[PDB]
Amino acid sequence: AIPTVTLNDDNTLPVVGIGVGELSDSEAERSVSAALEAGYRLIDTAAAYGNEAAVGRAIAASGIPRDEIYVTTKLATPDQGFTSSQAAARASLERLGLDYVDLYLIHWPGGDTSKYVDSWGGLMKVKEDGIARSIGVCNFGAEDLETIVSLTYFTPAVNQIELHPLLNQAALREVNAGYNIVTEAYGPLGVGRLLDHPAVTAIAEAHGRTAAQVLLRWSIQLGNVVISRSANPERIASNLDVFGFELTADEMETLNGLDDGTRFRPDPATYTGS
């Protein structure tokens, strides 16, 4: 019953998915299996997390037709390059045990414009070859976006960015929308630190819902595709259950008022890792 968004290349994605981040092989397989059983279809991993094969095993064992599942993975920063990115996409497929992925992203700008531009050209070939249905970016700022769009005339389908009430990304969301790029929010609970924020708990108590439900619903109402995570099968199911209520404009405004620039994940302006 999950709503979808339509991308600029005519493909569609669910508005909520599960990301595994740096979970160990065993934990990654466990959470993806639980998510699929609960009804998640958008699954997000990365080569840099080292757990692609584990995710692939959860998918293989699920008994769900491949066509119904939306798999995202990412180009690790050390693998950037025109030729190297095409090889890295194919290596990711081998690890995942898949013939294609649905979304393939540059993981970080990585602090070298030549290299991320070349990586983008590589990704365009990856898409042309049918290796990835859609291509996009993660943690790109407005200047990085202008650079790839200016030089290649090919616009990312998605820009996956850290986003939560302490870092609401209003400015970058507006840039994304102007280019017809979908915003994918990650880290929506702020490593769980936001679950006890008093503004969040007041709104949860007002609705008879949980803090986590409030944080995820707020992000959905901004128009984002929302990537969440839990290692617990019941909480995973609870994180999908965010279509039974709506936050009011007053409550949206309160949560929109909390931005203070807090990043729990690295800053892409500086970060040169993956």
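So that there is no doubt, residue numbering starts at 1 and follows the sequence shown.
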Avg C-alpha B-factor, entry values, 78 to 86 vs 182 to 190, higher side is 78 to 86
Is the mean CA B factor in the deposited entry higher across 210 to 218 or across 31 to 39?
31 to 39
Can you pull the Cα B-factors for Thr155, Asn139, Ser114, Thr72 from the entry and say which is highest?
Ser114
Using only modelled residues of the chain, where does the Cα B factor of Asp67 rank: lowest third, middle third or highest third?
highest
So where's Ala231 on the chain's Cα temperature factor ranking, which third?
highest
Just say lowest, middle or highest third for the CA B-factor of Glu174 relative to the other modelled residues in its chain.
middle
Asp118 - which third its CA temperature factor falls in, relative to the rest of the chain
middle
Can you tell me whether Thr201 has a C-alpha B-factor in the lowest, middle or highest third compared with the other modelled residues of the same chain?
middle
